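In: Please find the sequence and an experimentally derived structure below.
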Amino acid sequence: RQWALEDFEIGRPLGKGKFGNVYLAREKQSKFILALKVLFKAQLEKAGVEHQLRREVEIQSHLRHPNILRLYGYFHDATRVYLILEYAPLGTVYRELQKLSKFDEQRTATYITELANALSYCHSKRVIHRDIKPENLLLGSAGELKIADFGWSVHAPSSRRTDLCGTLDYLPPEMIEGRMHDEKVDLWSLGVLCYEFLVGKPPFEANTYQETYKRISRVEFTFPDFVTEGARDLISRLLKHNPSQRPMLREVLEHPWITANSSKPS
Ligand SMILES: CN(C)CCOc1ccc(-c2cc3c(NCCc4ccc(NC(=O)Nc5ccccc5)cc4)ncnc3o2)cc1
């Protein structure tokens, strides 16, 4: 069924994104509340990212998981392209970090568990995210974490180009150095998130791209005193330069700190 802009009532601006804005919207006939992301054709093609948007839709048509944000469909008109998205009422984990500053071990462990499950499902369909970050983590009505943005995802064990513009904070060494990568990139991203959730800033943060680059490359991070031994263990196991030294997602779910602190099952 072909969608058009006049099928929806557009509402509150939900977020300002790199490639476009997200708005709340309601389908007129059903009164179905959802989110519409408006991306501009001109800009998408000028950046050479037009085909990646097609691949996201492709990948999202094959994904069904409670911790992954649904993409219901897409359409376009004279100047832009629209993603029809599941609406996540409690907003981004990004905003939640700003509000709360940092998360306790219980909330962190629960988010890592939900992430791990979502990513474990993705890797079993051979899909790897490559863009994991708090902006792309959304919260459903029960506060359940939902992964968004598969615009930078890849089909197979590949070595394709991700967004090296924008911060490098969540990208692993093998991606920033233009090396061949695989599903292990997502486990690095987990480690970076686990650190950020507990600390309030990501482990390789710097006010310069060039310094953040060097820090990721050296795997140069330190823990504040309030970060517990168990968390330090998990994070340290995830943030390994060599991809193959990083654990499997099921080891993370079985990690004693996760099981002791997570409120949600694996
Ligand atoms: C105070 N506050 C907690 C109250 C509630 O506030 C909010 C705030 C935001 C939301 C919100 C944001 C949001 C949202 N944001 C968009 C997430 C997203 C989706 C798709 C993509 N994909 C993409 O950009 N792909 C791409 C890009 C360029 C080239 C190719 C592909 C990226 C990000 N999506 C769905 N539902 C949503 O709900 C909800 C409540």
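Out: Everything's here; your move. Residues are numbered from 1 along each chain as shown.
In: Distance of residue 147 relative to residue 50?
Out: According to C-beta to C-beta, to the nearest Å, residue 147 stands 23 Å off from residue 50. No exception for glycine: its C-beta is placed from N, CA and C like everyone else's.
In: The two: which has the busier surroundings?
Out: Relative neighbour count places residue 147 above the other of residue 147 and residue 50, with 23 against 14, counting by other C-beta atoms under 10 Å.
In: can you list the domain ranges for this protein.
Out: As given by curated CATH domains, the domain ranges for the chain are 3-91, 92-266.
In: Can you measure across the longest one, start residue to end residue?
Out: What that stands for is domain 92-266. 22 Å (C-alpha to C-alpha, to the nearest Å).
In: Next up, the contacts around the nearest residue to residue 137 once chain neighbours are set aside.
Out: Closest residue to residue 137 apart from its sequence neighbours, by C-beta to C-beta, 6 or more residues apart in numbering: residue 93 at 3.9 Å. Contacts of residue 93 were listed using C-beta atoms under 8 Å, 6 or more residues apart in numbering, and they are 111, 134, 137-139, 145.
In: Let's see which of those end up in strands.
Out: 137-139, 145 (DSSP state E).
In: quick one: which of those residues is nearest the ligand?
Out: Nearest to the ligand among those, counting by C-beta to the nearest ligand atom, is residue 138 at 5.6 Å.
In: Close to the ligand: what parts of the stretch 151-266 of the chain are there?
Out: Residues of the stretch 151-266 of the chain lying close to the ligand (C-beta under 6 Å from any ligand atom) are residue 151.
In: The stretch 51-200 of the chain: strands as residue ranges?
Out: 71-76, 80-85, 91-92, 137-139, 145-147 (DSSP state E, counting those that start in this stretch).
In: The ligand: which of those is closest?
Out: strand 91-92 (3.2 Å).
In: Which among the strands of the stretch 51-200 of the chain is found nearest to residue 40?
Out: Among the strands of the stretch 51-200 of the chain, strand 80-85 comes nearest to residue 40, with 5.0 Å by C-beta to C-beta.
In: ok, the residue in the stretch 151-266 of the chain positioned nearest to the ligand - contacts?
Out: Here the stretch 151-266 of the chain gets closest to the ligand at one residue, residue 151, 2.4 Å apart by C-beta to the nearest ligand atom. By C-beta under 8 Å, 6+ apart, the contact set of residue 151 is 19, 49, 52-53, 55-56, 131.
In: Tell me the buried residues in the helix or strand harbouring residue 213?
Out: In this structure, residue 213 sits in helix 209-218 according to DSSP states H and E. Of the residues in helix 209-218, 212-213, 215-216 count as buried by neighbour count, 16 or more other C-beta atoms under 10 Å.
In: now do stretch 152-161
Out: The neighbour-count check on stretch 152-161 (16+ other C-beta under 10 Å) flags 152-154 as buried.
In: Next: stretch 171-182.
Out: 171-176, 181-182.
In: farthest pair in those?
Out: 176 and 182 (15.3 Å).
In: Can you give me the separation between the nearest residue to residue 258 once chain neighbours are set aside and residue 256?
Out: The shortest distance from residue 258 to any non-neighbouring residue, by C-beta to C-beta, 6+ apart, is to residue 109 (5.2 Å). Residue 109 sits 11 Å away from residue 256, going by C-beta to C-beta.
In: neighbour count winner among these two?
Out: Applying other C-beta under 10 Å to residue 109 and residue 256 shows that residue 109 carries more neighbours, namely 26 against 10.
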